Structures are given as structure tokens and as C-alpha cells.
Amino acid sequence: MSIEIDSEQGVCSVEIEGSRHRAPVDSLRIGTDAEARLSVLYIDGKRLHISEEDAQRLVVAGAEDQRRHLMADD
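Taking the numbering used here, the leading residue of the sequence shown gets 4, the next gets one more, and so forth.
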């Protein structure tokens, strides 16, 4: 499940064996899953497992960053 972004319209949509989401990028949120010690994504208030890099782009897109401090380079 790779997270998607729509800068054209400014909407965000995640893919999950049948992409069926839709919401504003300003309505995104990053979380952490102690279950596997990985970062998760919140869309509409749901909890799923997204890719690390995809989790980074989510914030870059304008999504909320609660996992770590909005970074860029190291």
C-alpha cells in the first residue's frame, strides 16, 4: 500500500489493493505503530501501515508530522 498525493487538486489518496480514499492533504496525520515499530498514516482517522519514504513524502505534501521533526536532508 503506497500513499499517493495530488498536488494538482491538493487532495490526498492512499492505495490499498483498491484505492478508494479522498481527502485534503491538510487533513493528513502521521503516527507510529509500536506493533512493528514503524510509522503509520492517518486518512479520515484510519490507521494503516505505509512506507517509510511514503510517510516522509506525506508530510512534505503538507501532511501533519507527529512521528518526528519535519526533516529534509541529513
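Heads up, the beta-carbon is just placed ideally off N, CA and C, and yes, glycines get one too.
Residue i Cβ short of 7 angstroms to the ligand ATP heavy atom set
{"i": "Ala75", "result": "The model on display carries no ligand, and the ligand ATP is accordingly not part of it."}
Straight-line gap, residue i to residue j (C-alpha atoms, nearest Å)
{"i": "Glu11", "j": "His72", "result": "26 angstroms"}
{"i": "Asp77", "j": "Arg25", "result": "32 angstroms"}
{"i": "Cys15", "j": "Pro27", "result": "6 angstroms"}
Beta-carbon proximity list for residue i, same chain, < 8 angstroms, skipping 5 on both sides
{"i": "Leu51", "result": "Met4, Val17, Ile19, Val43 and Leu44"}
{"i": "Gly34", "result": "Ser42, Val43, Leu44, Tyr45, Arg50, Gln69 and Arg70"}
Buried versus exposed call for residue i [16 or more other C-beta atoms within 10 Å across all chains shown]
{"i": "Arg40", "result": "exposed"}
{"i": "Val62", "result": "buried"}
{"i": "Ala75", "result": "exposed"}
{"i": "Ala37", "result": "exposed"}
For residue j and residue i, believed in contact at Cβ under 8 angstroms, the rounded distance
{"i": "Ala64", "j": "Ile8", "result": "4 angstroms"}
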